[PDB]
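One chain follows as structure tokens, the form deposited in one PDB entry.
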């Protein structure tokens, strides 16, 4: 008489793939495109107002800066130009919109080799 619960779809990337798999994944990409920056963009922990995008893994080239990335995410989320949107690094830091993603990577990448960002409104 077992009732079996299905696991939820939009869990965080760290809860989906194991740490070895994430590390494996970054390694393979590092070998293929060593200048490209592997970035995980996920919706902020308790955010309600903004949708969940269905790409959360972004392969960012060397000279792209936040400002390009923010404009990409803003458009994917079909957002209105007057809706505020903050892309943070770690789990709470804003970055200068001028900064190349690569300059951020080496200082902010996770243990597993990914750069983790989250997006929010408040």
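So that the term is clear: the rigid core is the largest set of C-alpha atoms that superpose within 1.5 Å between two forms. Numbering follows the first chain given and starts at 1.
Just going by the entry, 71-79 versus 90-98 on mean CA temperature factor gives the higher value to 90-98. Between the stretches 12-20 and 103-111, it is 12-20 that shows the larger average CA temperature factor. Sort the chain's modelled residues by C-alpha temperature factor and residue 57 lands in the lowest third, per the entry. In the deposited entry, the Cα temperature factor of residue 51 sits in the top third of values across the chain's modelled residues. Among all modelled residues in its chain, residue 3 ranks in the middle third by Cα B-factor.
Note that the form solved in complex with a partner chain isn't included here; everything after this is about it.
In the deposited complex, at least one heavy atom of residue 25 sits within 4.5 Å of its partner chain. Proximity of residue 29 to its partner chain in the deposited complex: non-hydrogen atoms within 4.5 Å are present. Shown alone here, residue 13 lies within 4.5 Å of its partner chain in the deposited complex, counting heavy atoms only. The closest non-hydrogen atom of residue 109 lies beyond 4.5 Å of its partner chain in the deposited complex.
Shift analysis on the rigid core between the shown form and the other one singles out 35 from 80, 28, 96, 35 (C-alpha displacement of 2 Å or more).
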